[PDB]
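Enquirer:
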Amino acid sequence: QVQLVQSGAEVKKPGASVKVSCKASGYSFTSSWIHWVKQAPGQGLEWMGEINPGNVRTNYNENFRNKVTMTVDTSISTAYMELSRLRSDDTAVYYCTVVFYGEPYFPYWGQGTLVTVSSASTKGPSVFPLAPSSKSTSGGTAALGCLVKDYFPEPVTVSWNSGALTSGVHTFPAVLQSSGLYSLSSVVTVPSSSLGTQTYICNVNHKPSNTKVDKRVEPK
Amino acid sequence: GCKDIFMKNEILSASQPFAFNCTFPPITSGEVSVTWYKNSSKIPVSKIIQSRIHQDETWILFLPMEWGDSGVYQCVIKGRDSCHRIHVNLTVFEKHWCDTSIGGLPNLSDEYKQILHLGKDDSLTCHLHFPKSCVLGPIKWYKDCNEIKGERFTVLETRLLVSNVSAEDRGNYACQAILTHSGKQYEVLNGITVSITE
Amino acid sequence: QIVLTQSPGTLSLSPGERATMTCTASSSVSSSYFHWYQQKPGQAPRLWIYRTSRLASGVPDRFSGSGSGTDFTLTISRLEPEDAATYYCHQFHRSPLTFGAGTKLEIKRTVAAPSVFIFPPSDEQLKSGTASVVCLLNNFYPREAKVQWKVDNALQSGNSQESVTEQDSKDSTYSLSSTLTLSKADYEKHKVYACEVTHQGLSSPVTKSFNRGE
Ligand SMILES: N#Cc1cnc2sc(C(=O)O)cc2c1N1CCc2[nH]nc(C(=O)N[C@@H](CC(=O)NCCOCCN3CCOCC3)c3cccc(Br)c3)c2C1
Ligand SMILES: *[C@@H]1O[C@H](CO)[C@@H](O[C@@H]2O[C@H](CO)[C@@H](O)[C@H](O)[C@H]2NC(C)=O)[C@H](O)[C@H]1NC(C)=O
Ligand SMILES: *[C@@H]1O[C@H](CO)[C@@H](O)[C@H](O)[C@H]1NC(C)=O
Numbered sequence: 006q007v008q009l010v011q012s013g014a015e016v017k018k019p020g021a022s023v024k025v026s027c028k029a030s031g032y033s034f035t036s037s038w039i040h041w042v043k044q045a046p047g048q049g050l051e052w053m054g055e056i057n058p059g060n061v062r063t064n065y066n067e068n069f070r071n072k073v074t075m076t077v078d079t080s081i082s083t084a085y086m087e088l089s090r091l092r093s094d095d096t097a098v099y100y101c102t103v104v105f106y107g108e109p110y111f112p113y114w115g116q117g118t119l120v121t122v123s124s125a126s127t128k129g130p131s132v133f134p135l136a137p138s139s140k141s142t143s144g145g146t147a148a149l150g151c152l153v154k155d156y157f158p159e160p161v162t163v164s165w166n167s168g169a170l171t172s173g174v175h176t177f178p179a180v181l182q183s184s185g186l187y188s189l190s191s192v193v194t195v196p197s198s199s200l201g202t203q204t205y206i207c208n209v210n211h212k213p214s215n216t217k218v219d220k221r222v223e224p225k
Numbered sequence: 003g004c005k006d007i008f009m010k011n012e013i014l015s016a017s018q019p020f021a022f023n024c025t026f027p028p029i030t031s032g033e034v035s036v037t038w039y040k041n042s043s044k045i046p047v048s049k050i051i052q053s054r055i056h057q058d059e060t061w062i063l064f065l066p067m068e069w070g071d072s073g074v075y076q077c078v079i080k081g082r083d084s085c086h087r088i089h090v091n092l093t094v095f096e097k098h099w100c101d102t103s104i105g106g107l108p109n110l111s112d113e114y115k116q117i118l119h120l121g122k123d124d125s126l127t128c129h130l131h132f133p134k135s136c137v138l139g140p141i142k143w144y145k146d147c148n149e150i151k152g153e154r155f156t157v158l159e160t161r162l163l164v165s166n167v168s169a170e171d172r173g174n175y176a177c178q179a180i181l182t183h184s185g186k187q188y189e190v191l192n193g194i195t196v197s198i199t200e
Numbered sequence: 002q003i004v005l006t007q008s009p010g011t012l013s014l015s016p017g018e019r020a021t022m023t024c025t026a027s028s029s030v031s032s033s034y035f036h037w038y039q040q041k042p043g044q045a046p047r048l049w050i051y052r053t054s055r056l057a058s059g060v061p062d063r064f065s066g067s068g069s070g071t072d073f074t075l076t077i078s079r080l081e082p083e084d085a086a087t088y089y090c091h092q093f094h095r096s097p098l099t100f101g102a103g104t105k106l107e108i109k110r111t112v113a114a115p116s117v118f119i120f121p122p123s124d125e126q127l128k129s130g131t132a133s134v135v136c137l138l139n140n141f142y143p144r145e146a147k148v149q150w151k152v153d154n155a156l157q158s159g160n161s162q163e164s165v166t167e168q169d170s171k172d173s174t175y176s177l178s179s180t181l182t183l184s185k186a187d188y189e190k191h192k193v194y195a196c197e198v199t200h201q202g203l204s205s206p207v208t209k210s211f212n213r214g215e
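Protein chains in written order, with this note's numbering: chain V, 6 to 225; chain Z, 3 to 200; chain F, 2 to 215.
#1: Can you tell me where the beta strand (DSSP E) with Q178 of chain Z in it begins and where it stops?
#2: Using a Cβ-Cβ cut-off of less than 8 Å, list which residues of the region 89 to 103 of chain F approach chain Z; keep chain order.
#3: Which first and last residues belong to the beta strand (DSSP E) in which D78 of chain V is found?
#4: Restricting to Cα atoms, I'd like to know which of Z:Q178, Z:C24, Z:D6, Z:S31 is closest to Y144 of chain Z.
#5: Cβ closer than 7 Å: which chain Z residues qualify as neighbours of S33 of chain F?
#6: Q162 of chain F and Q182 of chain V - do their beta-carbons sit closer together than 9 Å?
#7: Sorry if obvious, but does the Cβ on residue 227 of chain Z come closer than 8 Å to a heavy atom of ligand 1?
#8: Go ahead and pull the three-state DSSP assignment for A45 of chain V.
#9: Going by DSSP in three states, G193 of chain Z sits in which element: helix, strand or coil?
#10: To the nearest angstrom, report how far apart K154 of chain V and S131 of chain V are at their CA atoms.
#11: Does the beta carbon of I194 of chain Z fall short of 8 Å from some heavy atom of ligand 1?
#12: Name the two residues that bound the continuous beta strand (DSSP E) containing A97 of chain V.
#13: Using a Cβ-Cβ distance under 9 Å, would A21 of chain V count as near chain F?
#14: Name the chain Z residues whose beta carbon is nearer than 7 Å to that of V120 of chain V?
#15: Less than 8 Å between the CB atoms is what I'm expecting for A85 of chain F and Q168 of chain F, so what's the real figure, rounded?
#16: For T195 of chain Z, return the contacting residues in chain F, with the cut-off set at a CB-CB distance below 7 Å.
#17: Does the region 110 to 129 of chain Z come close enough to the region 51 to 67 of chain Z that 3 or more CB-CB pairs lie under 8 Å?
#18: So, are the CB atoms of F118 of chain F and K140 of chain V less than 9 Å apart?
#19: Is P46 of chain Z near ligand 2 - that is, is its Cβ less than 8 Å away from at least one heavy atom of it?
#20: Quick test of your reading: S190 of chain V and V135 of chain F, contact by CB under 8 Å. State the CB separation rounded to the nearest angstrom.
#21: Just reading off the alpha helix (DSSP H) that residue 226 of chain V is part of, what are its end residues?
#22: Count the other CB atoms, across all protein chains shown, that sit within 10 Å of the CB of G130 of chain F; report buried if there are 16 or more and exposed otherwise.
#23: Can you give the Cα-Cα distance for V4 of chain F and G47 of chain V, rounded to whole angstroms?
#24: Nearest chain F C-beta to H211 of chain V closer than 9 Å, yes or no?
#25: Closest by CA to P122 of chain F, which one among V:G129, V:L152, V:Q116, V:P112?
#26: Strictly by DSSP, which residues pair up with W61 of chain Z?
#27: Using 9 Å as the limit for Cβ to Cβ distance, is residue 1 of chain F near chain V?
#28: Go ahead and label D95 of chain V buried or exposed: buried means 16 or more other beta carbons lie within 10 angstroms of its beta carbon, across all protein chains shown.
#29: Helix, strand or coil, according to DSSP, for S141 of chain V in the structure here?
#30: Could you tell me which residues DSSP puts in a beta bridge with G54 of chain V?
#31: Check this for me: beta carbons of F95 of chain Z and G105 of chain Z, under 9 Å apart or not?
#32: Give me the chain F residues within the contact set of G105 of chain Z, using Cβ-Cβ distance strictly less than 9 Å, ordered along the chain.
#33: Please determine, among Z:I117, Z:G32, Z:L92, the residue with the shortest C-alpha to C-alpha distance to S84 of chain Z.
#34: Looking only at DSSP bridge pairs, what is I7 of chain Z linked to?
#35: Could you say if the region 77 to 87 of chain V and the region 116 to 129 of chain Z meet the contact criterion of at least three C-beta pairs nearer than 8 Å?
#36: Does any heavy atom of ligand 1 sit closer than 8 Å to the C-beta of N23 of chain Z?
Pasting the structure below:
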């Protein structure tokens, strides 16, 4: 199966540089063109360029002519995208895609990598449980969650029961607090009858600060 | 009063020398006159040798095929008591895979795919179909946009012999030859997606 | 640059209706190089239509792509809730590759009232000197909901933050989270923490409350 796995989110100071990786698998790395796409927050898709791992030929969009550098390491089937002299409008999600001969379109995309250009200090979040109770029931349904508070920059990923619990989950878009730090909650509705036998653990990940927290949400 | 035959398969070519022979047996096997037409049935393709598009014998020759040449081409095969009009779509693409992935081979048709058999002594073929007026020199072979150099790889006429085929032989191949016509040289480059079966 | 002008920017329609989005290219684009992508919030774009009219794997028959030259169209013959996403046109004909600005398709469904839930601050957070109270409005429609915080029947102002989800791909509803944040000292100065929700689906405002500790 053709797969593209990118590196995690990063935060970098203005003027600095960032290198995003894209590990490929499921096909012959040198027989294809790897492309990079920029998605600025609130904006659509912008094409940055392409690299052929076979002959290391690169073709960039004139808009990224002096900003981007695309390289590959064929030994580990990995493409790299490097932005230099970072500025505010380089904050965006970056995707890698692959193109095959005779198929001029993008059928396979990486998951994306958020790059934040900021002078502010990276901070990992604090995870608090949002415990179920009598004021959290509705038709024999109970709501519970996790409050992922005070982190910078975006993003945090939240999963429930290591990915086994996805049904009824709502992970909210983060809010910017007056402090400059972000905060979000991730909730789930479950049967209140089994609150005594089931375990609900939220798994919070904040790659920029290397924070990985697991928090068990117990009934109050 | 001419029997129209519409061909279902389109022919794809890069923006380079290209030729198509009006071979439609047994219709073209008798004592017939073959005439090519471009998006027309009233003005035949010119027979001027110095013309970029011209008829050479029973062939339509593009030296080179360029953006704008895509369309329906007709071969009118006239016999004593018969007339047939074969309609074939000829499509040109501008770019080559090793230069860029943009605006190139629009789909992977059978004329751009080949297979090599695992563990066997097999070969790849370079398809260069041109009239006698076109002389083709030796063929250079490429894999993944680099020239092929190996002990298991041998060049023989239009074939690339591959001994002891391995799974690592999958990839994009390219065969290149110099075509000479009326004292002028042109370059032909064909890509091939090569897969392996056990 | 082949500029792709996509329209409309937003489309709000009911299930079973016909959705139409156009893309006008500044220069002629060959049909084998014209494609559409579907993108849901938080995810990578997904190939939807390729070669103008070919459906990508997993794309339902209700989707249809057509066009030539400088005019292309994506049509959904009978909308399902799972069609809510942003769609983008794309050309692979001439460098640089360009995409349209997108057409965000919103799905109009019947009025759904929110299920309201309230969460007192955790003991772990109270220990650190801060107290955040969360009010949750679950699976409602339309997205217009009004959440008021009341501490001992006193309407609060200036100490809360709201966040709404994208539209759900199965039921076309929205969910909202309101967090009231106070210091531990200010949290202890009051007893009744309540959030009152007003929505089109509620005949009278719903109030979810708790007494600090009790
Ligand atoms: N009677 C009848 C009949 C009626 N309706 C349809 S619709 C349809 C169909 O396929 O849809 C096929 C038929 C049909 N046929 C039966 C009899 C017959 N006899 N010949 C051909 C033939 O398809 N000819 C190819 C060239 C070739 O021979 N190709 C084989 C090798 O290709 C690579 C070599 N090149 C070297 C470069 O020049 C072309 C050939 C051909 C293709 C296009 C134009 C021309 Br005019 C010639 C046919 C097809
Ligand atoms: C190109 O096509 C022509 C047909 O238009 C082929 O010529 C025919 O060949 C057969 C077999 O020798 C003869 O019986 C016919 O009389 C020929 N017809 C004409 C009009 O010449 C020719 O062989 C093809 N050339 C190649 C290289 O494939
Ligand atoms: C050939 O081109 C014409 C004109 O665009 C088109 O209508 C027809 O479907 C094409 N046929 C094939 C076999 O591609």
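The beta-carbon is built from N, C-alpha and C at its ideal position, and this holds for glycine as well.
Expert: So, to answer that:
#1: Locating residue 178 of chain Z in the second sequence gives position 176, where the first residue counts as 1. For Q178 of chain Z, the enclosing beta strand (DSSP E) starts and ends at 173 to 183.
#2: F93, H94, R95, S96, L98
#3: For the purposes of this step, residue 78 of chain V is identified with residue 73 of the first sequence, where counting begins at 1. Looking at the DSSP string, the run of the beta strand (DSSP E) that includes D78 of chain V is 73 to 78.
#4: Residue mapping note: residue 144 of chain Z aligns to position 142 of the second sequence, counting from 1. Comparing Cα positions, the closest option is Z:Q178.
#5: Taking the first residue of the third sequence as 1, we reach residue 33 of chain F at position 32. Going along chain Z in sequence order, the residues near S33 of chain F (Cβ under 7 Å) are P108, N109.
#6: In the first sequence, residue 182 of chain V corresponds to position 177, counting from 1. In the third sequence, residue 162 of chain F corresponds to position 161, counting from 1. Yes, the pair counts as a contact, with Cβ atoms nearer than the cut-off.
#7: Because chain Z here runs from 3 to 200, residue 227 of chain Z falls outside it and cannot be looked at.
#8: On the first sequence, residue 45 of chain V is found 40 positions in, with the first residue counted as 1. In the structure shown, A45 of chain V sits in coil (DSSP, three-state: anything other than H, G, I, E or B).
#9: Sequence index remark: in the second sequence, residue 193 of chain Z carries index 191 (1-based). It is a strand residue.
#10: Stepping through the first sequence from its first residue, residue 154 of chain V is reached at position 149. Stepping through the first sequence from its first residue, residue 131 of chain V is reached at position 126. One C-alpha to the other measures close to 5 Å.
#11: In the second sequence, residue 194 of chain Z corresponds to position 192, counting from 1. False, no ligand heavy atom lies under 8 Å from that Cβ.
#12: Here residue 97 of chain V is taken as the residue at index 92 of the first sequence, counted from 1. Run containing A97 of chain V: 97 to 105, per the beta strand (DSSP E) assignment.
#13: As a position in the first sequence, residue 21 of chain V is number 16, starting the count at 1. No - not a single Cβ of chain F is within 9 Å of the one on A21 of chain V.
#14: Here residue 120 of chain V is taken as the residue at index 115 of the first sequence, counted from 1. Result: empty, since nearest Cβ-Cβ is about 24 Å, beyond 7 Å.
#15: As a first step, residue 85 of chain F must be located in the third sequence, where it is residue number 84. As a first step, residue 168 of chain F must be located in the third sequence, where it is residue number 167. With 8 Å as the limit, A85 of chain F and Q168 of chain F qualify as a contact, their Cβ atoms being about 5 Å apart.
#16: Here residue 195 of chain Z is taken as the residue at index 193 of the second sequence, counted from 1. Neighbours of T195 of chain Z on chain F: none; closest Cβ ~16 Å, over 7 Å.
#17: no
#18: Translated into the one-based positions of the third sequence, residue 118 of chain F becomes position 117. Translated into the one-based positions of the first sequence, residue 140 of chain V becomes position 135. Yes, they are a contact pair.
#19: What you label residue 46 of chain Z is simply residue 44 of the second sequence in a count that begins at 1. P46 of chain Z: no, Cβ never under 8 Å from ligand 2.
#20: For this step, residue 190 of chain V is matched to residue 185 along the first sequence. For this step, residue 135 of chain F is matched to residue 134 along the third sequence. Rounded, the Cβ-Cβ distance is 6 Å, consistent with contact.
#21: The displayed coordinates of chain V run from 6 to 225. Any statement about residue 226 of chain V would go beyond what the structure contains.
#22: Here residue 130 of chain F corresponds to residue number 129 of the third sequence, with the count starting at 1. Burial call: exposed.
#23: Your numbering for residue 4 of chain F matches position 3 in the third sequence. Your numbering for residue 47 of chain V matches position 42 in the first sequence. Cα to Cα, the separation comes out at about 19 Å.
#24: As a first step, residue 211 of chain V is located in the first sequence; it is residue number 206 there, counting from the start. No, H211 of chain V does not count as interfacial toward chain F.
#25: Along the third sequence, read from residue 1 onward, the residue named residue 122 of chain F stands at position 121. The candidate whose alpha carbon is nearest that of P122 of chain F is V:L152.
#26: As a first step, residue 61 of chain Z must be located in the second sequence, where it is residue number 59. In the DSSP output, where bridge partners are listed per residue, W61 of chain Z has Z:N23, Z:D58.
#27: Because chain F is modelled from 2 through 215, residue 1 of chain F falls outside the range shown and cannot be assessed.
#28: Numbered from 1 along the first sequence, position 90 holds the residue referred to as residue 95 of chain V. Burial call: buried.
#29: If you number the first sequence from 1, residue 141 of chain V lands on position 136. In this structure, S141 of chain V counts as helix in the three-state DSSP scheme.
#30: Along the first sequence, one-based indexing puts residue 54 of chain V at 49. Beta-bridge pairing links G54 of chain V to V:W41, V:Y65.
#31: Here residue 95 of chain Z is taken as the residue at index 93 of the second sequence, counted from 1. Here residue 105 of chain Z is taken as the residue at index 103 of the second sequence, counted from 1. The answer is yes: Cβ separation under 9 Å.
#32: Stepping through the second sequence from its first residue, residue 105 of chain Z is reached at position 103. Ordered by position in chain F, the residues that pass the 9 Å Cβ test against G105 of chain Z are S31, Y34, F93, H94, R95, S96.
#33: The residue you call residue 84 of chain Z lines up with position 82 of the second sequence. Taking only the C-alpha atoms, the option nearest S84 of chain Z is Z:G32.
#34: For the purposes of this step, residue 7 of chain Z is identified with residue 5 of the second sequence, where counting begins at 1. Beta-bridge pairing links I7 of chain Z to Z:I88.
#35: Taking a contact to require three or more Cβ pairs closer than 8 Å, the region 77 to 87 of chain V and the region 116 to 129 of chain Z do not qualify as touching.
#36: Indexing the second sequence from 1 puts residue 23 of chain Z at position 21. Yes, the beta carbon of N23 of chain Z sits closer than 8 Å to at least one heavy atom of ligand 1.
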